[PDB]
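**Q** Pasting in a structure now, in structure tokens, and then I'll have a few things to ask.
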Amino acid sequence: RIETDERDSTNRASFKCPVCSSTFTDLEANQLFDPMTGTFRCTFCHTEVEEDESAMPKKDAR
Ligand SMILES: [Zn+2]
């Protein structure tokens with residue numbers, strides 16, 4: 001048959017906060033990033049965020 005999966009997500013540009021469960025994309029990475037730690041820090045609960053592998057619109061089971 002035909003292949004549906006091919007691009008969709010790339011690797012980053014989709015981080016999420018482990019404390020207030022918030023979320024951010026790449027446009028927010030250049031602003032949530034911090035040199036004092038070398039990572040992206042939340043913006044409301046200043047908690048360390050982490051790339052979210054489940055924050056994009058997938059097939060969600062057709
Ligand atoms: Zn937070």
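Each chain of the structure tokens is named A, B, ... in the order shown, its residues numbered from 1; ligands are numbered from 1 in display order.
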What do you get as a list in words if you pick all residues at most 7 Å from ligand 1, counting only C-alpha atoms and all ligand atoms?
**A**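 Checked against 7 Å with only C-alpha atoms and all ligand atoms; the hits are residues 17, 18, 19, 20, 21, 22, 42, 43, 44, 45, 46, 47, 48 and 49 of chain A.
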**Q** Could you please take those selected residues and save C-alpha atoms as a PDB file, in the first residue's frame?
**A**
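Result saved to again_18.pdb:
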```
ATOM      1  CA  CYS A  17       7.028  20.945  31.508  1.00  0.00           C
ATOM      2  CA  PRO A  18       7.095  18.131  34.068  1.00  0.00           C
ATOM      3  CA  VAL A  19       5.705  20.366  36.858  1.00  0.00           C
ATOM      4  CA  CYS A  20       2.778  22.483  35.603  1.00  0.00           C
ATOM      5  CA  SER A  21       2.440  20.061  32.638  1.00  0.00           C
ATOM      6  CA  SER A  22       2.591  23.073  30.305  1.00  0.00           C
ATOM      7  CA  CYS A  42       9.269  26.925  31.922  1.00  0.00           C
ATOM      8  CA  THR A  43       7.843  30.468  31.741  1.00  0.00           C
ATOM      9  CA  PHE A  44       5.180  30.407  34.488  1.00  0.00           C
ATOM     10  CA  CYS A  45       6.408  27.765  36.955  1.00  0.00           C
ATOM     11  CA  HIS A  46      10.093  28.042  35.899  1.00  0.00           C
ATOM     12  CA  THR A  47      10.275  24.219  35.987  1.00  0.00           C
ATOM     13  CA  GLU A  48      12.717  22.416  33.657  1.00  0.00           C
ATOM     14  CA  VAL A  49      10.808  21.377  30.508  1.00  0.00           C
TER      15      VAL A  49
END
```
**Q** Can you list, as a VMD selection string, all residues belonging to chain A that DSSP tags as alpha helix (DSSP H)?
**A** chain A and resid 26 to 32
**Q** Pull the strand (DSSP E) assignments for chain A out of DSSP run on the backbone, and list those residues as a compact mmCIF listing (two decimals) with C-alpha atoms, in the first residue's frame.
**A**
```
# COMPACT_ATOMS: atom_id res chain seq x y z
CA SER A 14 7.92 20.40 21.10
CA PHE A 15 8.96 20.49 24.76
CA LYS A 16 6.75 20.00 27.82
CA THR A 23 4.15 22.84 26.82
CA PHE A 24 6.19 24.82 24.28
CA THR A 25 7.48 24.52 20.70
CA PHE A 33 16.45 28.42 26.85
CA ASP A 34 18.95 29.46 29.55
CA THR A 39 18.31 24.01 28.82
CA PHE A 40 14.78 25.41 28.39
CA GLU A 50 11.57 18.29 28.38
CA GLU A 51 10.97 17.29 24.73
```
**Q** Using only C-alpha atoms, can you tell me which of A:2, A:55, A:13, A:61 comes closest to residue 27 in chain A?
**A**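 Of A:2, A:55, A:13, A:61, the one nearest residue 27 in chain A is A:13, counting only C-alpha atoms.
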